[PDB]
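Colleague: Okay, here's the structure, questions in a sec.
As a convention, Cβ positions derive from the backbone with ideal geometry for all residues, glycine included, and neighbour counts pool all protein chains shown. Derivation of every value follows stated rules applied to the coordinates shown; laboratory data play no part.
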């Protein structure tokens, strides 16, 4: 009787993180040319703690 | 204008300067004030009009 707002079935499982940590695990492997090397280190380190 | 201390501290992370010697290690950050920002905008508009 009460209209309540339900989350998706992937967030309720935990399967949405297996879509995230395969997206920012490939973004850590992509070497990128337009930035200095000390900028590549600071993104690749903080993406490793997560 | 954007404040000077909140701009040099953002600018000193990209250049990877040393601590306490942001003015002596590189000569990149010299004469960056707000007095000289207003002075240059005035002297570019007023030099073309006259």
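Colleague: By counting other Cβ atoms within 10 Å of each Cβ, how are B:24, A:28 ranked from fewest to most?
Modeller: B:24, A:28
Colleague: Rounding to the nearest 10 and keeping the result within 0 to 90°, find how far the Cα-based axis of helix B:5-14 lies from the longest principal axis of chain B.
Modeller: 60 degrees
Colleague: Compute the helix-to-body angle for A:37-46: its Cα long axis versus the longest principal axis of chain A, expressed 0 to 90° and rounded to tens.
Modeller: The two axes meet at around 30 degrees.
Colleague: Another question about this same structure. Rg (Å, one decimal) plus Dmax (Å, integer) for the alpha carbons of chain A?
Modeller: Final numbers for Rg and Dmax: 17.2, 59 Å.
Colleague: Right, another one. Among B:30, B:4, what is the fewest-to-most ranking by other Cβ atoms within 10 Å?
Modeller: Sorted ascending by nearby Cβ count, the order is B:30, B:4.
Colleague: What number, in nm² with one decimal, is the all-direction average of the projected area of the convex hull of the alpha-carbon atoms of the protein assembly as shown?
Modeller: Averaged projected hull area, Cα only: 14.6 nm².
Colleague: Then there's this: How big, in percent, is the set of alpha carbon pairs in chain B lying more than 17 Å apart?
Modeller: Above the 17 Å cut-off, chain B has 46 percent of its Cα pairs.
Colleague: Right, next: Once both labels are modelled 7 Å past Cα along the beta-carbon direction, what's the residue A:3-residue B:11 spacing in nm?
Modeller: 5.5 nm
Colleague: With r as the distance between the Cβ atoms of residue A:44 and residue A:10 and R0 = 22 Å, compute the FRET efficiency 1/(1 + (r/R0)^6) and round to 0.05.
Modeller: Efficiency, from the Cβ-Cβ distance: 0.20.
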